[PDB]
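Requesting a structural model of the entry that follows:
(chains A, B, C, D, E, F and G)
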Amino acid sequence: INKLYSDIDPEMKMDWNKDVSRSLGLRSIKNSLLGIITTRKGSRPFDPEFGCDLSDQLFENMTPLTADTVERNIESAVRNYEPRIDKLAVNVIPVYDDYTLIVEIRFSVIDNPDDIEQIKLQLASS
Amino acid sequence: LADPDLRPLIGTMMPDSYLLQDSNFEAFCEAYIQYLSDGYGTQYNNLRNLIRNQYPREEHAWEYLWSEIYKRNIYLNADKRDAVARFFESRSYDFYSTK
Amino acid sequence: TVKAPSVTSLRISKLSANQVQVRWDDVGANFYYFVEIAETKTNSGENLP
Amino acid sequence: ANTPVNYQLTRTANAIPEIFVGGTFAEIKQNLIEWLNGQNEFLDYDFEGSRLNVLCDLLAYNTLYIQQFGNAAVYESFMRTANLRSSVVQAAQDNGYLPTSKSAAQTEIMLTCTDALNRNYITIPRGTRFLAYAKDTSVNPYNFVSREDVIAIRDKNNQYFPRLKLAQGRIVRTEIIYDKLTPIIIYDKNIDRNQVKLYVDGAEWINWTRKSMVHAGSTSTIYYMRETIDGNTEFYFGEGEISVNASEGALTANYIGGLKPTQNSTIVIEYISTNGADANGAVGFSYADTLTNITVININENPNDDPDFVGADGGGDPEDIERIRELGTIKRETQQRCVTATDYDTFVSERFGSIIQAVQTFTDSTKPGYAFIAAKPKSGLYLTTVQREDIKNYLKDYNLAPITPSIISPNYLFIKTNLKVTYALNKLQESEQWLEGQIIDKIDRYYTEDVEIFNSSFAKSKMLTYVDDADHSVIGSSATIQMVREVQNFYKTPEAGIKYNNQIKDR
Amino acid sequence: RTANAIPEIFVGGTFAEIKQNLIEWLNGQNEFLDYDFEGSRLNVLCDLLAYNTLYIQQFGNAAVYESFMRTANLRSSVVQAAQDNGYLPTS
Amino acid sequence: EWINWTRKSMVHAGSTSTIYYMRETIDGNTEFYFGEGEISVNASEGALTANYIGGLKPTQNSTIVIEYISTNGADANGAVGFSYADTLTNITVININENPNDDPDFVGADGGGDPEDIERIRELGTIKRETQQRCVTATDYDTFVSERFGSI
Amino acid sequence: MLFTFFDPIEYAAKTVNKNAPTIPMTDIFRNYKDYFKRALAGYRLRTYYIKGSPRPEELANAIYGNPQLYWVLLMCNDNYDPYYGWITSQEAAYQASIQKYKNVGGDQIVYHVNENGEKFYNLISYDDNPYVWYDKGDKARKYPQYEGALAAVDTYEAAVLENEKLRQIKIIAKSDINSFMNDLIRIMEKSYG
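Numbers count the residues shown, from 1 in each chain, chains lettered A, B, ... in the order given. Now the structure:
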């Protein structure tokens, strides 16, 4: 299934043999995911709803609610624009000292819903 | 004067995180902008000063050449043949109003 | 006592390598024309002379 | 022999700046595929690697998608490159010449009618409608209405004919309260701007523009037309300093643009929508609207006979992009007043453009003071003498003072032909006779396709091509021509004699 | 390779149309299998093109009748239209 | 000093005429220009040759100074109250007689204008395209004629 | 949102070449600008200001909550181009200015503006008295057209004021935006025929 979900390499790296480099299957799924999360809401040209907003103010102050509030959006955001993930779960650990959200996401691609894999993402700039 | 290419807007035109910062991909799409708006013929630039070029007298203007006076003047002097045309066609009214 | 004036439109109409068809304008009648060739580059550099 | 050259003429027949020209997609890509190549960012990436290729392949698709937008607009943007017709009028309208909507079938009648009241003078009020069957078909008459008021002296013996001329349709008048912010549309199809007349409260204003336009009326009275892109006409008039400017003839000066409105100057307009171009040659008439005490005892066709004439006139398609396209340039070239011979060509082409397929303006060097005109009634070869008189005077409006317009139908070579055309019975289930009715169309098609246009050399055979082309179940087609002229005097040849321009067999 | 015929049907005035109409051009061939889903760098690139093209589609008619007088709202071309008819707009 | 036809006619005069044409950059600022009547002599014997088009091209490197007025035309009107701002030697104005040499109808100043009134100008453009400097037909004349001394 | 409303039209490329195929396309060649006048004339435009340098349609959302109507704003704005007609950030504007002047030259002092705000084009002081200004092309020494202390405008700053003007817009109320919409639509039916 790694063949499936052929997507251009986000970096457009030089691939050996000179063709466009590629993100392979499930390598792309991360990228699109990694893409959708960072993007500020409203920054899509005709789609305001895209991207998971982050308020550095709210990002500054973490509370199990504030965490939970964020916890939904990503889980919400990813769920709408990324049908390739069947069973997805988010974990967010906000870090107190620098005010950093680190976020874990365990998800399962459609083809292997029993398989589990996680990603590690952190956010900063408070 | 340089008609600015649409290139400075690429930052806002796509969402940022999908431009990365420097990728071939962005630079890839960047040159696409170049091909679309630059210089004399590019479709944006093509259509942007279109009306501007319509006087005729300005540079890059096909008008007089379309027409009559320029066609038939038998003026020789191919070069300034162009200058004597489009200068009439510039005004080219008084001639008729007085014709 | 005065110059055979010139050709006006003067051009190489086509290029097939090592070959040219050159077009100068005919100008006046019964004027033969003096066609030269000169050498840009020595193949060492360009337009060296 | 033929044409020697020094680098001559210019840029084909007409401008194509041709950076705009739409190219073939593959080439478009082929061009663009090079573009991405050589890009400093990567000299590495191989495009013929199918991965990038289809990716770049897509860019061209949009780039082609987007180009025809950018390109076509230019064709559009430039008259005579304009492919849209409603475009063409705009610049033409802008050039001071408009094409018009189908222009009512028009005619004149004299009718002898006894007034039952025996008053000295009856008027025929503007707007009495008459019926005319189209030629050879009585199933329906074509209604047509009195163009204007006319009165008649009662002759002694008490019977007296008025005469009046007739355009086809129904008078349709609509009042509108004018308002500052609003379009004024007439959504009426079959409208024609030439039969449009209106009333502001009271007095009539004229779109300057081919109604009168030289009179003491000071230009304060005025308005415009325009064509909604929809196909219906909207009204317009100049707002504010409606006259040239400023103080002009008034000592009080200040400012008047008229039509405030508030409610002022409730605008009432009156027009005829028409069925025309279908109504040409409508001979049998009726007196289709009664009046008080007037009784038509006879309506007799065509006063001042041609003698060769048909019922009504006019109509029109309206539209042809080809005759219209270049044409207004001459009107763009010329001022309103017509001066140049071809200016008299194009000017005449405005009004009675649907009367005239082709009009030939020329001087006859013999008679100065006369504008000699050769035109095509385009229904026929002979404009009825009233038409001739009609457009003349109207034409005569725009003209040099000592000059007089002089309209004559020129002599006409006639092609007299028997045709021999074969078809396979079985090959056609269709009614044989109607086939002839088919070809008899396609014959003039060639003419209208060709011959009247330039009045150049005429190809018999090439004519026979299209009639050959008719049924394709026509097996073969043959014809023989007899060149035919008409002579005015059997008795004496015209002084110069007559020439064929064309070699004939002796005897 | 021209894996599919290049249609000129081309239609649509709004974005979804364009982006959509573009995707079927991207549909119908292999080796890039995602291109549908947002956040895919490929489907993302697909976005801006339509984004651009629309405005062009948008911008086009603006000048088109701005090239015509009497429908030209922008002053300076009306100015130019006057320049056409021979009148310099007075200062 | 050069003339403009603008408001007038290049088909009037010849090629080879000292002249200029104002016009409008689309940006809204004035560009102006001239025509080339550009002029030559075959041998020297003939008179200076009129070629090209009504105008005369100043040769390259020509010195061009142009004099004009930046203006505020709105407040221009009214403006009765006046003074002598200048100072000129040996010449001393004791009085400026305002509304001098006048009829008993006066305002301090005239002139002004948008100028354009972008809609209002459309007509004007819609008009002048119709206009003629020439006189033709009949009633064209007398109009233009009686523009002169209809007082007579 | 408009052009999809009308039927797409077939179009021939004739007059580029005597034979080119005909293509269907969505219509730009209805004006829409008159279409949006008639209907527009019913209500009013309301001037409006911009908080930042957003995109027209990105901005078009916040007001109306509907990103789809940018053009409504656009036609009320009736700019020549959507790309340079809009508000633009300092970064771009400078670069834009950088672009346009670059061949001419960078950092080009565009004009001198007096205290009063009157822009003085093509002027330089002979430097003896910086307050007296002889213009340029003069070599000075002659005809100072003004004397005093004036500001000069940097091409960067020059770029700012240009894009600055774009800030306010005339717009129609988000209340009427709906009521308006139907009417124009209805007009288009009259405009279809």
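
what about the strands in the stretch 101-250 of chain D?
D:106-115, D:121-124, D:129-134, D:137-146, D:150-153, D:163-167, D:170-176, D:184-186, D:197-199, D:224-227, D:233-236 (DSSP state E, counting those that start in this stretch).

Looking at those strands, spot the one closest to chain C.
Closest approach to chain C among these (CB to the nearest CB): strand D:224-227, 47.3 Å. In short, each C-beta sits where N, CA and C put it, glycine included.

Direction included, what does the closest one pair against?
Sheet pairing of strand D:224-227 (DSSP bridges) gives strand D:233-236 (antiparallel).

residues making contact with the partner strand?
D:101, D:183-186, D:188, D:191, D:193, D:196, D:198, D:223-228, D:267, D:269 (CB atoms under 8 Å, 6 or more residues apart in numbering or on different chains).

now swap in stretch D:129-148 and tell me
D:104-107, D:109, D:124-128, D:164-171, D:272, D:275, D:278-289, D:299, D:310-312.

which element is residue D:426 on?
Under DSSP states H and E, no helix or strand contains residue D:426.

and residue G:42, what are its phi and psi?
Main-chain torsions, residue G:42, degrees, to the nearest 10: phi -60, psi -50.

Return the distance of residue D:6 relative to chain G.
Applying CB to the nearest CB, to the nearest Å, the value for residue D:6 to chain G is 28 Å.

If we ignore the residues flanking it in sequence, what's nearest that residue?
residue C:25 (4.7 Å; CB to CB, 6 or more residues apart in numbering or on different chains).

next one: residue A:87
In space, residue A:87 is closest to residue A:108, 4.4 Å off (CB to CB, 6+ apart).

I'd assumed residue A:116 was in contact with the one you found.
Yes - Residue A:108 lies in contact with residue A:116 (CB atoms under 8 Å); the separation is 6.2 Å.

more neighbours, the two?
Shown here are residue A:108 and residue A:116; by other CB atoms under 10 Å in any protein chain shown, residue A:108 has more neighbours (17 against 11).

And the residue of chain A closest to chain G?
Ranking the residues of chain A by distance to chain G (CB to the nearest CB) places residue A:48 first, at 5.2 Å.

Residue E:43 versus the residue nearest to residue A:49 when sequence neighbours are not counted, what's the distance?
Excluding the flanking residues, the one nearest residue A:49 by CB to CB, 6+ apart is residue A:41, at 6.9 Å. To residue E:43, residue A:41 is 18 Å away according to CB to CB, to the nearest Å.

So for the two, which residue has more residues nearby?
residue E:43 (23 against 16).

can you tell me the residue of chain B closest to chain E?
Closest point on chain B to chain E, by CB to the nearest CB, is residue B:93, at 3.4 Å.

Dihedrals phi and psi, residue D:294?
phi -90, psi 140.

How about residue A:109?
phi -60, psi 150.

so the nearest residue to residue D:172 once chain neighbours are set aside is in which element?
Closest residue to residue D:172 apart from its sequence neighbours, by CB to CB, 6+ apart: residue D:271 at 5.3 Å. In this structure, residue D:271 sits in strand D:267-273 according to DSSP H and E.

now the angle between strand D:137-146 and that strand, please.
Angle of strand D:267-273 versus strand D:137-146, following axes from the mean of the first three to the mean of the last three CA atoms, to 10 degrees, is 150 degrees.

centre of the chain versus the following helix or strand past strand D:267-273, how much separation?
Once the chain leaves strand D:267-273, the next helix or strand it forms, by DSSP H and E, is strand D:294-301. Using CA atoms, centre = their mean, to the nearest Å, the mean C-alpha position of strand D:294-301 is found 33 Å from that of the whole chain.
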